[PDB]
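As structure tokens, one chain now follows by itself in the form deposited in one PDB entry.
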């Protein structure tokens, strides 16, 4: 029964059997109770602060060919861009002037910057007294070491799917084994490390989602980024179905329940598939948001998926907008860098 599954989640009996049933039950009452549980666990462990991570998507050049992604190298219907290191540093400075306590640098897997230009950029931003999070994909250990020495604090590297067969199909340049080895190296080097997956990929099952949750629990990641798959018209997956918002929201809720002290963003993909999706997600376990800080005229060219919200807004709009969002949600802005605050338990 739904009531029995909630009782087991409340007692932290996180068996495969319990997680599968939670994801399989579609009862509105059960779902609402699950979201309430996750919301309460979030409030108890990580409080009411919503941590703002200002994201600068500094290049849409990519060497990889992921089947879901609009930046895949085979996509010729996309104007490619690269911000200069001076542009990136000064754009980061502007975010810090607007109150950002974490700068996130994200790109396609663009060889041009790697590793030294990134190191130089990271060193300049670290002078501003903020946390730096990188999201640059898969690189050699030596690059990750150099970036950590340069001052990088965190690394976001979504594991995408924990099914190694699906992973290899969707990401033909690499493997789940590679992705996991990247994540383990990041952890070893002392990064606060973020993983997470997409929900509703072509061929992905409920059992795969259960494996995603068990994988996250196993490795105790500091951050978990979860969003729905959104098909992009300039990719091989163009005609496939979008991920379901409510199922994806259940994955966020379960992630909070399993990893109560983790940092969990309300992802832009959630706000893209449903108007107000990020706000809902912030009320179902999430405690982080990433306002878009990519400048014009490049913001519109960073199209991992279509319809992406905030593309049409003035450059500087998203930090003020999320501060208003945080207030109308009855939440507080983060006071410090919002690093993980571990609660050791049993």
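Positions refer to the first chain, counted from 1. Only the largest set of C-alpha atoms that superpose within 1.5 Å between the two forms is called the rigid core.
- Task: Name the higher of the two by mean Cα B-factor in the PDB entry, 102-110 versus 190-198.
- Result: For C-alpha atoms only, the mean B-factor is higher in 190-198.
- Task: With reference to the PDB entry, specify whether the mean Cα temperature factor is higher for 138-146 or for 234-242.
- Result: Looking at the record's C-alpha B-factors, the answer is 234-242.
- Deposited CA B-factor, highest of 309, 288, 66, 56: That would be 309.
- Message: Among the choices 256, 91, 158, 76, identify the one whose CA B-factor in the record is greatest.
- Response: If I rank 256, 91, 158, 76 by C-alpha B-factor, first place goes to 76.
- Message: What third of the chain does residue 207 rank in for C-alpha temperature factor, lowest, middle or highest?
- Response: Highest third of the chain for residue 207's C-alpha B-factor.
- Query: How does residue 180 rank on Cα B-factor within its chain, lowest, middle or highest third?
  - Reply: Middle third - that is where residue 180 ends up once the chain's C-alpha B-factors are sorted.
- Message: Could you place residue 50 in the lowest, middle or highest third of its chain by Cα temperature factor, using the values in the record?
- Response: Lowest third, going by the recorded CA B-factors of the chain.
- Message: Quick check on the deposited entry: does the C-alpha B-factor of residue 169 sit in the lowest, middle or highest third of its chain?
- Response: According to the entry, residue 169 has a C-alpha B-factor in the chain's highest third.
- When the modelled residues of the chain are sorted by Cα temperature factor, does residue 37 land in the lowest, middle or highest third? It falls in the middle third of the chain.
One more form of this protein should be noted, the form deposited in another entry, which is absent from this view; the next part is about it.
- Query: Upon rigid core superposition, which of the listed residues (67, 33, 321, 309) is displaced by 2 angstroms or more at its Cα between the shown form and the other one?
  - Reply: The one that moves 2 Å or more is 309.
- Query: How does the C-alpha distance between residue 229 and residue 312 change in that other deposited form compared with the present structure, closer or farther, given a change of 3 angstroms or more?
  - Reply: Farther, not closer.
- Message: Distance change of 3 Å or more between the C-alpha atoms of residue 246 and residue 306 in that other deposited form: closer or farther compared with this structure?
- Response: Distance between the C-alphas of residue 246 and residue 306: shorter in that other deposited form, by 3 Å or more.
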